[PDB]
Structures are given as structure tokens and as C-alpha cells.
């Protein structure tokens, strides 16, 4: 309301803005610097956040379901609990951010950099991870049913065996150690 008007003024820089539990549903924040804002349980569903700076902002349990995140910088952002269902994360920088039980069902993660992010028990069901850089990320406990990991970089990431029975892995790069894990995960013995 206030800060909608701030955006319509050309003013692009809002850092550390305390935003806890707003409703911006389908609002347009494109290009703005939202670094470190306290967003806890905000409602941004289908907001337009492309190329915004969301780095190290506390998003825990907010709702970005549908929200538009292309090329946004989410580096080191607190996403714990958040519901991102059908949200659009193409080409975003998600490095080292924490998605713990973030809910990503049917999200578009194409060409997103996730290396070292923590996806612990996240919902990846039916999510597009295509060509995403997952190097060293920790997917333990994550829900992989129907996720598309095609052409993604898994080298170094720690994944539970059921991931190897569930994700589509065509093209996925892996360590030899991980290939061995994949085979075991289908019941072969070494």
C-alpha cells in the first residue's frame, strides 16, 4: 500500500524492510532490492519478483505459490516451511539458501543455481530441476516423486537412495561414488 506507491515512484531500494505478514498477492516488485527484509508468513502468491534481490531475507512460511522468481538472487535466503507451489524459479540464484520443508510441488527450477542449498525434507514432487546446479546440496528426506532432475549437476550432493529410484536422471552428472549409490539403490550388491 505505502510501499506499492514507493515502487511506482521509481524508488528501487528497500533493504531490511520489516514486512511480516502482508498481502502483496499478484503485486509487481520486479527489479527491486528486497535484501534482508523480514518477510515471515507474507502473502506474495503470484507476485512478480523477477531479478529482485531476495538474498538473506527471512521468508519462513511465507506464500510465494506461483510467485515469479526468474533470475532473482535468493542467495542465502531463509525459505524454511515456505509454500512455493507452482512458483517459477528459472535461472534464479538459490545458492546456499535453506529450503527445509519448503514446498516446491510443480515449481520451475530450470537452470537455477542451487549448489550447497539445503533442501532437507523439501517437497520436490513434480518439480522441474532441469540443468539445475545441485553440486553438494543436501536433499536428505526430500520428496522426489515426479521430480525432473534431467541434465542437472549432482556431483557432491548428498541424496537418499529413493531419489535414485524416483527422479528422472537422464543427463545428470554424478561422481562414480554416486553412480555406485544409484545401482545399490536398485538392489545390486557390491
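Residue numbers count along the first chain shown, from 1.
Comparing 17-25 with 165-173, the stretch with the higher mean C-alpha B-factor in the PDB entry is 17-25. On average the C-alpha atoms of 54-62 have higher B-factors than those of the other stretch, with 143-151 and 54-62 being the two compared. In the deposited coordinates, the residue among 133, 43, 121, 125 with the greatest CA B-factor is 43. Compared with the other modelled residues of the chain, the Cα B-factor recorded for residue 68 ranks in the middle third. Sort the chain's modelled residues by C-alpha temperature factor and residue 47 lands in the middle third, per the entry.
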